[PDB]
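Only one chain is included here, represented as structure tokens and corresponding to the form deposited in one PDB entry.
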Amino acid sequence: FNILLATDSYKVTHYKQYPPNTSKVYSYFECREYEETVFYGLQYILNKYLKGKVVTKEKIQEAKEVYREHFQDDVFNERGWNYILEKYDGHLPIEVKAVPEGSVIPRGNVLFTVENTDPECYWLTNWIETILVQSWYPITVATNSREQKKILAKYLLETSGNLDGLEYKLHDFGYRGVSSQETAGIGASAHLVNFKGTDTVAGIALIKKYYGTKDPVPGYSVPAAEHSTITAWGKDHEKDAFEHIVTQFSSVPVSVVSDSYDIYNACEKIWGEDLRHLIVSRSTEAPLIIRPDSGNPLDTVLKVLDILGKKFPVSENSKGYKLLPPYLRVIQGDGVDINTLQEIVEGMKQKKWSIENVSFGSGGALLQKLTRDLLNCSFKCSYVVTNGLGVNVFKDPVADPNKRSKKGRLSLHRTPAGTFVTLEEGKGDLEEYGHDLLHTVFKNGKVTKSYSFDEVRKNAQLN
């Protein structure tokens, strides 16, 4: 597209504020003290934006002329950009050290770094700060999404004895809830790192093009109804659609919006009586998944379940929690976020309902309403070479610590007792902990190391 304008405008200017005789600026990324993040997504932005030849006689021309109308002034580093076109044929001379994608590393720890390879390109490092920082996203989607799984995991386990079907308990509805198209895709791929069910198709295009999966396919879905494929039959024909949709999909599992008009009549009257037969006559492989989109995730699940307990044969597992007949289940697809999720399963089990009769779906809570601040994703410079000798750097606002930056050449190590540790001031060169863990993944325009979305899983997974 144009890296020359994939940066925060005021940077086009930074190349003239660095102390003079500076040959190296080394920057690092992190999630400043959710206490362990899933580092996923850097490998996308790299291939799709940095790798390869990225500077051209034409882009240097587009940039200025633009960063000219913009600034009402010629400040753009047109000189130092051709250096890059003339010498490395438009390949950025920067090294990028990161952690294996999917890695679940605690907070305040180094995840990736950026330093320039050529002393004439000292200005480049931070130029790419921006584009590279938008990882706070794939990461937060993944992290926050993975935290809901633990919640799901421990409630299923305690209420059922196992994790059967865990990976299909949170369904991403995000697509219409996101801002871009390019984004719905990136975020859908940050759920699949954890679950397999997704309606955002764009999510997979990404996976198999930037990460690759050897498996059958990264995500899936089933046929369901929406509000129009039901209200289009008429006010007084909810039952006609209900029925026309579960003979069509007699076939496989099928989800049907049951809250067009009162979702207790649809449950009791229509499913528990009229149509009670086009259902018990279904298979455990093709359940009739029921879908409320009402008011109050908790209050509703509990009641709908109460309606269904009364209209169908309820059983009870070796744990004491009630279960529905294998051909009937429920999904909360509206009003579900990490905070409310916990509320539901906890209420479900005080009532004694296997966390299994119910799966969920989250919209924008899952794909939008995520911020860089949620995890303090930050990108700062920790080391610079001025006149040949290096000096550790950082910031320390008085009106606020925690903003305090790490100093010098950082290293990410594995403590003899389990976790990690980021070593500062180049102290990692004394093999006390042995073997930095961040790998080079980018060096002078080429992607020196990628991971398949299969490893990404493995890495970011619950034990």
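The numbering used is simple: start at 1 and walk along the sequence shown. In this text, the rigid core denotes the largest set of C-alpha atoms whose superposition between the two forms falls within 1.5 Å.
A.B. asks: Is it true that residue 60 goes unbuilt in a third or more of the other compared entries of this protein?
C.D. replies: Looking at the other entries that model residues on either side of it, residue 60 is present in every one.
A.B. asks: Does the comparison with other PDB entries of this protein show residue 398 lacking coordinates in a third or more of them, where both adjacent residues are built?
C.D. replies: Yes.
A.B. asks: Check the entry and tell me how many residues of the deposited sequence have no coordinates between residue 429 and residue 430: none, 1 to 3, 4 to 9, or 10 or more.
C.D. replies: Missing residues, residue 429 to residue 430: none.
A.B. asks: Highest mean C-alpha temperature factor of the two stretches 102-110 and 291-299, which is it?
C.D. replies: Higher mean C-alpha B-factor in the PDB entry: 291-299.
A.B. asks: Quick check: 270-278 versus 147-155, which has the larger average CA B-factor in the record?
C.D. replies: Here the higher of the two C-alpha B-factor means belongs to 270-278.
A.B. asks: So among 347, 326, 218, 165, who wins on Cα B-factor in the entry?
C.D. replies: Highest C-alpha B-factor among the listed options: 218.
A.B. asks: If I read the C-alpha B-factors straight from the PDB entry, which of 370, 286, 124, 142 is highest?
C.D. replies: When the deposited C-alpha B-factors of 370, 286, 124, 142 are compared, 124 is largest.
A.B. asks: Per the entry's values, where does residue 46 land by CA temperature factor relative to the rest of its chain, in the lowest, middle or highest third?
C.D. replies: Answer is middle: the recorded C-alpha B-factor places it there.
A.B. asks: Which third of the chain holds residue 10 when residues are ordered by C-alpha B factor: lowest, middle or highest?
C.D. replies: Middle third of the chain for residue 10's C-alpha B-factor.
A.B. asks: When the deposited Cα B-factors of this chain's modelled residues are ordered and cut into thirds, is residue 405 in the lowest, the middle or the highest one?
C.D. replies: Highest third.
A.B. asks: Can you tell me which third, lowest, middle or highest, the CA B-factor of residue 180 falls into for its chain?
C.D. replies: Answer is lowest: the recorded C-alpha B-factor places it there.
A.B. asks: When the deposited Cα B-factors of this chain's modelled residues are ordered and cut into thirds, is residue 84 in the lowest, the middle or the highest one?
C.D. replies: As the PDB entry reports it, the C-alpha B-factor of residue 84 lands in the highest third of its chain.
The same protein has a further form, the form deposited in another entry, not shown here; the description that follows concerns it.
A.B. asks: Relative to the superposed core, which single residue of 102, 108, 90, 272 shows a CA shift of 2 Å or more between this form and the one not shown?
C.D. replies: Just 272.
A.B. asks: Answer yes if the Cα of residue 381 shifts by 2 angstroms or more between this form and the one not shown on a rigid-core superposition, and no otherwise.
C.D. replies: It does not reach a 2 Å shift.
A.B. asks: Could you tell me whether the Cα atom of residue 322 shifts by at least 2 Å between this form and the one not shown after core superposition?
C.D. replies: Shift at residue 322: below 2 Å after core fit.
A.B. asks: Is residue 261 displaced by at least 2 Å at its C-alpha between this form and the one not shown when the rigid core is overlaid?
C.D. replies: True for residue 261: a C-alpha shift of 2 Å or more.
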